[PDB]
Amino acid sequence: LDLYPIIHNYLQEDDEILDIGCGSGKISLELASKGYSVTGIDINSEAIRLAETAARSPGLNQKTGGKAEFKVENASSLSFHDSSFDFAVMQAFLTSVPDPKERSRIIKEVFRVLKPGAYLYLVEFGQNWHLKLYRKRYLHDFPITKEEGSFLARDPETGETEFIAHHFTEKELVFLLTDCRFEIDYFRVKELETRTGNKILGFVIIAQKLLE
């Protein structure tokens, strides 16, 4: 999952960027390389440690000016102040958050730490009902997950449950955003690659935080 080019139409030179769910920091470091100041955020210290590791390795940059810092954070309770950031990126993050109420609380937090009229770049997987094998997985796991579009990712050799993944409907994603006072500025359905190599449909969205 790379950064879609569209993001560069909305970024401005001195934007302070929050990367929510940075993992081991691929995207944060790519933005830093392009001259942006980015804070990469993640709940687990493992990922954050790896990210600061990667962040040392040199000669990466295609531009000057950027920097990347990483911090362990709980996205439904950010340490940062209101209006701390010019831009947020949320790439395949909410998909790993099993509680729909937890997801709104995260969006409210992003809204809070973003300045007025700041943009949010969001990429998520859609519910691929049209794909027989995904329809089957959704049908099979609903009785367990009890949420529509949430299913279990399983160990390939063993079939043991590893984690809960959620796929979104357009309606659901749109309202998650517009209920927290974002406006949709850019929206595409795209073919995305899952963390396991499947080609499925998802969404690329640029939302803008409304002025008070």
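Numbers follow the displayed sequence, beginning with 1.
- Looking at 31-39 and 52-60 together, the entry lists the larger mean B-factor for 52-60, computed on C-alpha atoms.
- The question of which stretch, 128-136 or 113-121, has the higher mean Cα B factor is settled in favour of 113-121.
- When the Cα B-factors of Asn44, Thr145, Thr169, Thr178 are read from the PDB record, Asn44 comes out highest.
- Reading the B-factor column for the CA atoms of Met90, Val72, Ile107, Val97 in the entry, the top value corresponds to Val72.
- Sorting the modelled residues of the chain by their CA temperature factor places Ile6 in the middle third.
- In the deposited entry, the Cα temperature factor of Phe163 places it in the highest third of its chain's modelled residues.
- Annotation for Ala207: C-alpha temperature factor in the middle third relative to the rest of the modelled chain, per the entry.
- Per the deposited record, the Cα B-factor of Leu152 falls in the lowest third when ranked against the other modelled residues of its chain.
- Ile184: CA B factor lies in the middle third for its chain, per the PDB record.
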